[PDB]
Amino acid sequence: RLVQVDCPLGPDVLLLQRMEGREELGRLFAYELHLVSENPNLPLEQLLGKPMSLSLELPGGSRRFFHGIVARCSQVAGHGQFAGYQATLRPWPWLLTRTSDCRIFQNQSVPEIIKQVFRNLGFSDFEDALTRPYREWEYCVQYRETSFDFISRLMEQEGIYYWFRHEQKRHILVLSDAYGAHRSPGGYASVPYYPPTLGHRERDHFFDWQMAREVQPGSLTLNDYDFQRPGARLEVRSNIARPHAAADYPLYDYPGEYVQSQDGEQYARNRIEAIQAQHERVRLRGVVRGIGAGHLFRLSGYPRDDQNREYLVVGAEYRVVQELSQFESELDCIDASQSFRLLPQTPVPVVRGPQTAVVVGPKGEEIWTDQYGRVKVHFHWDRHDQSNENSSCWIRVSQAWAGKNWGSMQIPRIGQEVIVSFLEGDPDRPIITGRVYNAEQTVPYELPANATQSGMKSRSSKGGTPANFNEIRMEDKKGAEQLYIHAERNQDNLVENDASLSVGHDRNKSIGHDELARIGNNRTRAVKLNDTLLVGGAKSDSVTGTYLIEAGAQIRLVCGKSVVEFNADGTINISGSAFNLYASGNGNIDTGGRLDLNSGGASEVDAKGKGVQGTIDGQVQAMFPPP
Amino acid sequence: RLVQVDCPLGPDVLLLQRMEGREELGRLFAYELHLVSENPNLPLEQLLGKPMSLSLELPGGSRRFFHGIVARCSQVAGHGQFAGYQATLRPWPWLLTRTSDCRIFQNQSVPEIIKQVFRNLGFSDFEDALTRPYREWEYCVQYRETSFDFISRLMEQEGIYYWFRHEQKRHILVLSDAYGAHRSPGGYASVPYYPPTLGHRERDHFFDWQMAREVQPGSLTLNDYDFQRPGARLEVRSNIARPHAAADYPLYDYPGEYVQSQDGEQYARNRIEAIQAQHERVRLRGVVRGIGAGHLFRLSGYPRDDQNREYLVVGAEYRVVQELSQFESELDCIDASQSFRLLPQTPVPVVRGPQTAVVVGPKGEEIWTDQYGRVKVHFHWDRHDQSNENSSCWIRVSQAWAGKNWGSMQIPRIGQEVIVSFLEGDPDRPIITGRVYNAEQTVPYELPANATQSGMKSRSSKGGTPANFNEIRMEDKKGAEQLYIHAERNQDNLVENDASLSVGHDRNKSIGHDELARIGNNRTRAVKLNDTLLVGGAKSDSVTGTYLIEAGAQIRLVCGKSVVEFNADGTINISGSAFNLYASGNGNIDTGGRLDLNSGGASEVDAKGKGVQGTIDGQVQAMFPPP
Amino acid sequence: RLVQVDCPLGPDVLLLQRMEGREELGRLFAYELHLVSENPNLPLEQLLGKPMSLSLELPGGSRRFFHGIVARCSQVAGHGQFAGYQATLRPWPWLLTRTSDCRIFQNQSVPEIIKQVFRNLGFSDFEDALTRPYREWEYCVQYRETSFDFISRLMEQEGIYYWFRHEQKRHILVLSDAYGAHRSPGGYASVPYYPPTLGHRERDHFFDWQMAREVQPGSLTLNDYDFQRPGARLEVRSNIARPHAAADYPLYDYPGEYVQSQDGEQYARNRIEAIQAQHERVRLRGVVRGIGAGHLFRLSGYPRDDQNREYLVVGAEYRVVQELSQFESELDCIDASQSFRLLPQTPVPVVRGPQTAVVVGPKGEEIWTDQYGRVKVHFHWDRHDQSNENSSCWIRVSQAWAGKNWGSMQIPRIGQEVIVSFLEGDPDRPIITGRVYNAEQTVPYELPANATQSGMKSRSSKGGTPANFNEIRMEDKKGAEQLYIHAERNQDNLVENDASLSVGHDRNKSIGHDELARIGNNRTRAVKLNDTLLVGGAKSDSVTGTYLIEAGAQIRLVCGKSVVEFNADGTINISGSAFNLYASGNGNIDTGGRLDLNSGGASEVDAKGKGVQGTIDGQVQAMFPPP
């Protein structure tokens, strides 16, 4: 018969004038439909965005379907007898180009991610015909890209492609990775080749043939870096050999976007197989009506015998004209023995520069980190998270100094704003390279008042207040410089050899409780002027050997009524209430002059205000004022 | 008549053979002119870069003008009778493509910036017809882009577009954002539609019609982050509703390049309206001579009655042929009720990586900062600044550790080189992420001699010298390690609990003036070997309670000629010039052996060189050498 | 006769039907060859990537050859008397597109680099005819770019262009920078012009002529920054003047990718001349057979006399058909007085974001750096280095704080992982913007157990162990806070004015050897309660002036059997074995009460367990336990 056009609002309504289509493996098809109708005003809104189908009759009475969605439709002017319409038919994945999103996918395989993207927007017409197993991705971001671009690039990276299967009421995206996903349509497992010389030929056949070969790179070598295994040899290479000349030129790329050698080997295989796919393509013009992109057929009857083989259709163009029926298609084919892989055509997203994010973690915690000192962050574009420990992957944090179990360390805490950079601009590879203050997380010292201070201030955890901190600060204000050292709890200074302290002016030391000072050998102390001691309790000096007391002028020992005075000239004055002098052996009292007993020569010697307990305690307590 | 060609050097000189033109809203037009002249050598240099005009006669005797600048012109070979020339006509903004510049615009609206760019290069033929008010930009950079791309990109972002109005002597760029900026040419407020079937038609009319609808996204959602308002909800959404299917797919983007919710809402409106603009496009072919891109007309007489409406011409193509006159235009139109907005076609500039810049500020200061610890910088590509406080906007500085009123802080000072990064690569979003030393701002410690040292060194401000600094340094040289702590002014160490000091070898303490040491409770000091004290002035020990002095071998108190000696065996030796022993009560002198008075038993006991004031002071001053 | 084709396996085999060619200066040719053969199965593999030659004979019997390689070959189907084949002919440089690699070139000129790339993949057919001298480059990256793109970008950046000269057996890439590598083909130094009006002409001539003039920028201004000369004025400008209007609009760009003004002057000059190159294009259609791009010809016999000049072929288009020969070329030309420079067309490599690297150095050292504190780092994409001091160029390291001979400093050491960022995305401008820990170079404190600690830990060099380090750490754990200060060797603290120490609870000081403490003026020590002293050796106090000892309750001096006791009430008790009291002058013993001699009033006074050498030493040694 002809080809029939069925759509919502009526099957009888639209008559196909001409159709021109393009199909390609792992790509959206396009069907340009020129149509007529007796109705000069079919409402475009009523068929736009809705499905439309083409029914082409095959040998045997069965029909081939061209099903898709009307992405665009037009009313073109005409004279009285017929009215002109045009429609473009695209597959349902094209509707994913109408929607864009920033989203993070975690701990899923690419097929799992793709299916989720499909099912979320309520799409169901698809099939998994994948044979290989696909790695689970730790972190995979859809960033600033339409959902279609997102799934497409993922398929391109993992070596997944699709073809469409058209039924009367639905068309189905088939996910594929091997020869076993493709089939031959009934009555078209083997088509023949007949030269155009005959005039008319009865059966569906091919009438033109071409084969073309291009020089392609012979190998792809990939490389990457896993910080958890810095010494690992992650270099991988995949080779494809051709018999012709100049078939040995090598490709190299970094990074290969993998962490496990097995994954990289596959990725390298995919990319080179995809490049190699276009080394030998056969083009066949024909009236073959059953064969479409994704279909397997065999060629028979061509002069060059080796060419009579099984082909995989990678691309097809179509032309159908009707007078009110002739069908012709040009096919792009490769040997079915060859392995098809998609070229990286859909653009990969790239974060042009660094952005800021918020350090996140579990409900309870203040700090959330791991063995490598990483943190989890929440991005500003993420709308589908809970700002918890599940917001992102573990991200590495740059430091001031990093070495082998030594260096600097300041772990980003929950709630703080960090600067996140992206390795090679890859949104799937974040790394933290900065810390910034904002309106809530404010600067330590009041600015611009304290522009001259410099420093590090900490914060106790968990449950600290602005009073609980460990710091070091350097004041630069000229003539008011100062270095401050705060230990909220205990402070421990430890010097393995010689410690020096040089203070230009005064030193003021105050211990609230007990001080213990031990010297392992000799201790020497020199005071250029006055030395003073005040003890509010009891003093005890204990020397194992010899104790010496020297004075240039005078030595006094005063205690209440007891007064003892030794002078430089040799005068010795001892006063008290009563005195007792005893010796077990002999006692000698000698004078070069007279020795007087109760003559009146010796009287009470002045205490000069010293030795009074009340006064001394007053002087001591004066050093320790109450708050 | 026909169409006439007027240019510098003569109106009679050039005759239009054929013309083909392109016009589009908010885009530069292009007019391809094939022309002949009797003169076989019009000098190309004489008409190139100067304006050229086309005068097409309208009904009513009035004329339509096609005015522009000759961007390129050619002398083509010809036959004897006439010589052929061709020129391409573009509007004057095209000359902005001849010039490129890096420049910073501060505190102006986009229209203001557009006008400034225009007036600077001496262009005046333009018109402001904007109805809405446009936000003032704090910071807006023209970076590595032609002036045209710069102005075009801003218009596209703010929903501004332009059309041209052609006079005999000038053509004028009209800035537009609404229906009110467009007009209808005289005699063309209403054009009729006549089918081409009729044969020949007298009046200017349309003879072909098409309307087309395409599926477009139904919403755009934008988002951004303002550090001055970290908690703010800046997410915005803009909807356009269509009656057809699949019209509700949503778009999302970040950042929206805004800080105020209201402005972002506008930005979301502009971008979605631009997307929606291409949902319903009408194409009209005609012999209509008055209608041009930017013009409003009405259609009359078309079969589909609703289509007889007011249209805005978004794009026009032209074909004019003359024999030695026929005029044809194809029009791209939208409903005038719809709001036209430009698509983001002109590329936005992006700083691919980080650059370095110099911190600037007012003449007097050494440090210039604000409440958020920001600094102002001078870029190396900026030629139109003064390297002062007006060079740039306030830029945030990354730190080692940043939290809520705690963390690290080191403010970049004026004159220093910093590393500036750009958020999402946006030149309008700078952020400082690094500090680098250079040939002038040199490293603190001499390298590579002191590669082993580590540290932070400060600088007093203002008016500091290399002598004025607070630092901490760590020497790593093996066997020569050292930690240095410098306080140029005062040093304050504060420990809330227990302080420990452990020194493996010697400790050397030196105070230039007074030391005061207070212990809140008990003080215990132990010396494993020898204890020595030297006092150059007067010593005073004051105990409130009991003072004990014990020694294993001997206790000596010597002071000049007075000598007192207590021995372990029990010998007690007192020497002096004179001695006075007095008691108010009773005095007892007892000996288990004999008591001898002036027998000769007691003699002067040796001072052993001690107690001489000159010697003592000498020992003290030895500890405090000059200068 | 005609055009003959010689290729591998037989020249008689391939007979050229038609061909179309495209040639252009500084770009590889494309030659489309349709062909017939009596053999309907020439195998493509025998010819593909092999060289192919086309011989068109000149006047005089001499021959023109088009030489090149077959990039692609197709067998088209046929009918009986012939068979159809097609070949594409490209030059050998094109095979560089089949090979890509990351690489770093060190201290070479661009020509030297290019020749290396040629010689390495073993190409020999090339020639240098450069007149100008080309600077050596410090560092030059080939990154994520095939070899062809790499060489061509460098050529475009240095204004080198190339052309082809074909021999029967070889084709040769000739590199040039001026009018002097150009030559004229034999018999074609001056061709003639004959108008088509004359009819048909036998001898090689031109029959169509056109000129083209466009509006181009009149100047290019470049700028850059050299940190080794921060004050340097590196702005450079290059002008080209034209007589027509609007010819003075200026271009500006940054960075100019230079450090020396002379280099930038040239680089600005090359890029302006290339823009300028396309301002006056002459196009001549022709039947002349010797003329090819790169070739200098002259023109005779054109009406416009000035146009009879010397021209440089910038491009040629080519068409030959043959029935079994008629030859036409269109040429694009520029005056020879002008100087061609290619367009910056092959895209530049661009590192979207930051990388990770390992610092390298000489075999012996631990740290390798320079006067500016720079380090040499080794990339992960590099495969041709030795991870030594030659891997990379000198790279600058960001710091926490950088000023004029002050600030922070922590030099990256060998082996450590750093973050490499790239100035304006340029792979030949890397700098360090981060330090990161990994699985080998691990965090200083064990995480996440010690997430609460904060700090800087050092490492002695050379030959340090985990025991050898200088650190500062801040414990934030609530209720267990601590600040730790480690000096592996000596510690030196220096305060120019007042030093303060405030300890809330206990202070514990321990010196392993000698402590020396000197006070420049007054020293005051106050103990609110009990004071204790323990000396294991000998104690010596020496006061220059007056020593006073006061007590509220009692003063005791005990030493073995000698016991001295002074009480508050005034009782004075002296006991011992024997006592000797001597005076040079008079001695007075007086009592207000009775004076008793051997009455029995005075007895031995209790030592109370004090003064025993063994006991005292026991107390002292208790303070100094053995390990």
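Residue numbers (this note's numbering), protein chains in the order written: chain A, 66 to 692; chain B, 66 to 692; chain C, 66 to 692. Yeah, the Cβ is synthetic: ideal placement off N, Cα and C, and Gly gets one too.
Looking only at C-alpha atoms, which of the options sits nearest to residue i?
{"i": "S457 of chain A", "options": "A:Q464, A:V424, A:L107", "result": "A:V424"}
{"i": "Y376 of chain B", "options": "B:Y383, B:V385, B:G359", "result": "B:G359"}
{"i": "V280 of chain A", "options": "C:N288, C:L154, C:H236", "result": "C:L154"}
{"i": "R572 of chain C", "options": "B:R572, B:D571, B:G585, B:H578", "result": "B:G585"}
{"i": "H551 of chain A", "options": "C:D541, C:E553, C:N555, C:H551", "result": "C:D541"}
{"i": "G91 of chain A", "options": "A:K574, A:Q207, A:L613, A:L408", "result": "A:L408"}
{"i": "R87 of chain A", "options": "A:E97, A:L80, A:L79, A:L81", "result": "A:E97"}
{"i": "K626 of chain C", "options": "B:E615, B:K626, B:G625, B:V628", "result": "B:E615"}
{"i": "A687 of chain A", "options": "C:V592, C:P495, C:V413", "result": "C:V592"}
Where residue i and residue j are concerned, what is the direct C-alpha to C-alpha distance, given to the nearest angstrom?
{"i": "residue 758 of chain A", "j": "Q171 of chain B", "result": "Only positions 66 to 692 of chain A appear in this structure, which leaves residue 758 of chain A out of reach."}
{"i": "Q678 of chain C", "j": "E630 of chain B", "result": "17 Å"}
{"i": "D328 of chain C", "j": "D318 of chain C", "result": "15 Å"}
Which residues share a DSSP beta bridge with residue i?
{"i": "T211 of chain C", "result": "C:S165"}
{"i": "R439 of chain C", "result": "DSSP output for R439 of chain C lists no bridge partner at all."}
{"i": "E615 of chain C", "result": "A:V623, B:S607"}
{"i": "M220 of chain B", "result": "According to DSSP, which records beta bridges pairwise, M220 of chain B is partnered with nothing at all."}
{"i": "residue 693 of chain A", "result": "Beyond the ends of chain A as shown, which are 66 and 692, falls residue 693 of chain A; an answer cannot be given."}
{"i": "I305 of chain C", "result": "Paired residues: none, contrary to the question."}
{"i": "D193 of chain A", "result": "A:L240"}
Could you check where the alpha helix (DSSP H) with residue i kicks off and where it finishes?
{"i": "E330 of chain C", "result": "326-342"}
{"i": "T680 of chain B", "result": "678-687"}
{"i": "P176 of chain C", "result": "175-185"}
Ends of the beta strand (DSSP E) at residue i?
{"i": "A148 of chain C", "result": "148-155"}
{"i": "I432 of chain A", "result": "It is not in any beta strand (DSSP E) - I432 of chain A carries neither H nor E in the DSSP assignment."}
{"i": "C138 of chain C", "result": "128-141"}
Selection of the segment 351-368 of chain A by Cβ proximity to chain C, strictly under 9 Å: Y367, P368
Check each residue of the segment 112-144 of chain B: if its Cβ is closer than 7 Å to any Cβ of chain C, include it; give the result in chain order. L113, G114, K115, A136, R137, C138, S139, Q140, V141, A142, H144
Could you run through the segment 454-480 of chain C and flag, in chain order, every residue whose CB is less than 8 Å away from some CB of chain B? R461, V462, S463, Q464, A465, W466, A467, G468, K469, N470, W471, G472, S473, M474, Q475, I476
Closer than 7 Å between beta carbons: that is the criterion. Which residues of the segment 573-590 of chain C meet it against chain B? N573, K574, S575, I576, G577, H578, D579, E580, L581, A582, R583, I584, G585, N586, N587, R588, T589, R590
Which residues, in order along the segment 214-232 of chain A, keep a beta-carbon less than 9 Å from a beta-carbon of chain D? Of the protein chains in the structure, A, B and C, none is chain D.
What residues from the segment 95-110 of chain C come within 8 Å of chain B, judged by C-beta to C-beta, listed N to C? none
Contact set between the segment 547-564 of chain C and chain B, restricted to residues whose Cβ is under 7 Å from the partner: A552, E553, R554, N555, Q556, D557, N558, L559, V560, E561, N562, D563, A564
Against chain B, which members of the segment 189-211 of chain A pass a CB distance test of less than 7 Å? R209
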